[PDB]
Every structure is written in C-alpha cells, then in structure tokens.
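In structure tokens, one chain follows: the form deposited in one PDB entry.
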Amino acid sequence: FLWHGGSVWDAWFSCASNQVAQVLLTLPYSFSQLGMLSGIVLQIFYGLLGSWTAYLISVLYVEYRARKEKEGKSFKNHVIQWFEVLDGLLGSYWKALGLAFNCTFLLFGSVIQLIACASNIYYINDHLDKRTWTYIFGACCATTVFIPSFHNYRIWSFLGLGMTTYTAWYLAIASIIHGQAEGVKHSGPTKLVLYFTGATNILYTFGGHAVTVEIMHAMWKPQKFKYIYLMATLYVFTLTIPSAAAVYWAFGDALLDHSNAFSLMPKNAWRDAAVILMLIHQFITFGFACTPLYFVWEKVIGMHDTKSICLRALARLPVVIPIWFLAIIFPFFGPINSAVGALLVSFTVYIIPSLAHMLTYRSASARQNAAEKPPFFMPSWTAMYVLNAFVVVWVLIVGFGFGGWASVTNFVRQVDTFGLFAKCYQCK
C-alpha cells in the first residue's frame, strides 16, 4: 500500500518503457550458444533480478526526497536526478561513479542503435552493403543536433510497445509455419567462451527497465496500490521467450553464424513490415539516448544558454562524431551486446543500486527512521541484506569475471576474422 507509483495507466507506462526492441533479434543466437534448458532459466533469473533492482532504485529515490524535504526544501520546478540522489545519500565519490558509468553506457548504447539501423535496412534493399547504409543512416542521425527535446514521451512508448509486440509474434508464427527442415541439429553447449558470451547477452537484455528509472523516474503522491499492478512486470516474458524458443527450434545450429534473425526468415510482406517497424523503433531510441549526453555536454562546456539553432548544433558535434566512427569501425551486431553488458551494464544496473542500498541502511538509526518499511514479499531486513550480497557477489564473478573474459575473447575473434572497417558483416 502507498507505493508512490500511480494508477493503472502510469503503471503500464512503466512496463512500456522496458525497451527490448533491438536485442529481440539476437536472442536465438544466444540460444544456439547455450541450448534450450539454460536459455529459459537464465531469462527468468535475470528478469526477476532486474525487477528487484528497479524496486531498489525507486525506494532510494523516495528516501532521498523524504530526507531532503524535512530539513527544509522545495522540489518545485526541479526534477531529481540519479547522481543527485547518490550525492545526497552517500557522498561525492558516488556522485562521480554514477555519472561516469551512466554517461559511458549512454555513449555505447547509441552505437548499437546505429549498427542495428544500418543492419536491418539490408533485408529490404540489399543493393548497398551495410557500410554504405551506415554512412547514410549516420548522416541522418547527425541531424538530432537540431531537435531540442521531446514534448511528449507517453505516445512514443505506447507506440513502441505495439511495434515490438508485432515483431515478437511474427518471429514465432513464421518459424512455426516454416517448420523444421530435414537434418537440422540442436547441439547444446560445446565451448566455454560461447556459453559465457551467451549468458551475458541474456544479462544485458533485462537491464533496460532499470536504466530508465535512473534517468526519468517520474513519481507523485501515493495511491492505494491495487496488487494487480505487478502483473505488468512479467509481460516482457511473452515477448522474449516464445519468439526466441520458436526460432531456435526451427533453425537449429545455423544461428551461431547469423546474429540478425531476419536473415533466415523467408521474405514476405510481413517480414518487410517488421523491418520497417523495427527501423522506426530504433530511430527513436537513438534520440532518447543522445539527448541526455547533449545536455551533459552543454552543461560541462559552459554553454547551456543559446538562442540560435545554428550555434547549438555547431557546438554540439564532438559527441556524435565518435558515435559515428565507432559504428563504422566495429560493426559487430550481436557480439557487442555481450561486451557492453559485461563491462558497463553489470555495474550500472546491478552492483551499484544494490551496494547503495546496503551502505545506506547500515546503522539502526537509518533503519528505524526509514521512509519505506521493507515490502510485503520480503518482511525482514536480513532477507534484503542477504539478497543484496548474493546479487553483488554473483554479478561480480559470473557477470564480470567469466562474462568479461569470454565476451572480450569473442569480440577479438570477430576482429581477427573480419578485419577493421568491415564491408559486410555476415553476408553471403
């Protein structure tokens, strides 16, 4: 009860901002690297852990606002940010950590959208290789230095949800109708590097929810908290499990060579519709990631105020040129999710939110005068502390130690094979 979350519409507007658009096409690859038994258990595991960490971020936001409003403060005409909460609760070293990590991740999450945009357009008009489509789409994305901000974020998310729901159910039904071939093989785990570069792509997937609660996070007065609101957290499962299971079931071990699943499906108007919807979706996730970087760069350089559109744009172009060169040089759609999710997501989404919560409520004085008692599904404090320590140690060893070695070895293998400035990655 009294969950500071809102009504049914705001509650579903939080599951809408659970971006799983682009990574949806690289999950059969991970299944072919792991097998059927490990692919499902790990998806459920990481989905539950992601929901837990999102809850942690929420309770920390509420704790900070509640502490600040008591000593005398007005939060009117001023939205709170993540690094501000970290600075207010822990100190300045945490304000530096939660800024460096959240800026590096936002830099590397747009290279991926540019790569995917240049990759999916190849399965409509394959007269120009993927590097020329990267030239063209980078020149198109370098025009976001003219769009100031977004006037509305509700409609974009509510349309992205449907654009994802069409593709996640085309990929399953087309694969079922196509059936199995004659002499396809489902070999499970063979090498270690492959198992652990698949597990990290699965870790990456379920950290997109908590990453938005670290940037926008709108909150308001509490409501009565109908308990049906929880049934919107487990709606990404009907998007990710059937589509990834039914493509691997049909196409076997031909997927450890094709990271984009559109390359195996038979061409039809439905496939063309899904490519276009995915392009429209991945063109929105690029601006929603490049806007905070623009804001932070303008604040840092000391030029927040600008009246002409020609001055803002011109000053705002050391931030989109490395996002372009990095997409041109390393165009590895699918092997890059593992590296990014092993080096940045494991710290941004999992270890830091659970370490801040452990370090905040250390003393009994901080635990008796708390803004929110422990939830109904976790009564004691020892339960929360044990769960946090487990999350920290697990993501530290399996997510960073093994995942890191495996994913970086795979990323270097791709460069050894295809070279730098590759012309067409995984084209016949």
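In case it trips you up, residue 1 is the first one in the sequence shown, and so on. For clarity, a rigid core is taken as the largest C-alpha set superposing within 1.5 Å between two forms.
One more form of this protein, deposited in another entry, exists but is not displayed; see below.
Here the two forms are overlaid on the core, and between the shown form and the other one the C-alpha of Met216 is the only one among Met216, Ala181, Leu317, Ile173 to shift by 2 Å or more.
When two forms of a protein are overlaid on their rigid core, residues whose CA moves 2 Å or more are considered shifted, and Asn260 is not one of them between the shown form and the other one. For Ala16, the Cα coordinates differ by 2 angstroms or more between the shown form and the other one after the core has been superposed. Comparing the forms between the shown form and the other one, the C-alpha position of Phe332 differs by less than 2 angstroms, with the core used for superposition. The distance between the CA atoms of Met219 and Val59 is at least 3 Å longer in the other form than in the form shown here. Compared with the form shown here, the C-alpha atoms of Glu84 and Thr212 sit at least 3 Å closer together in the other form.
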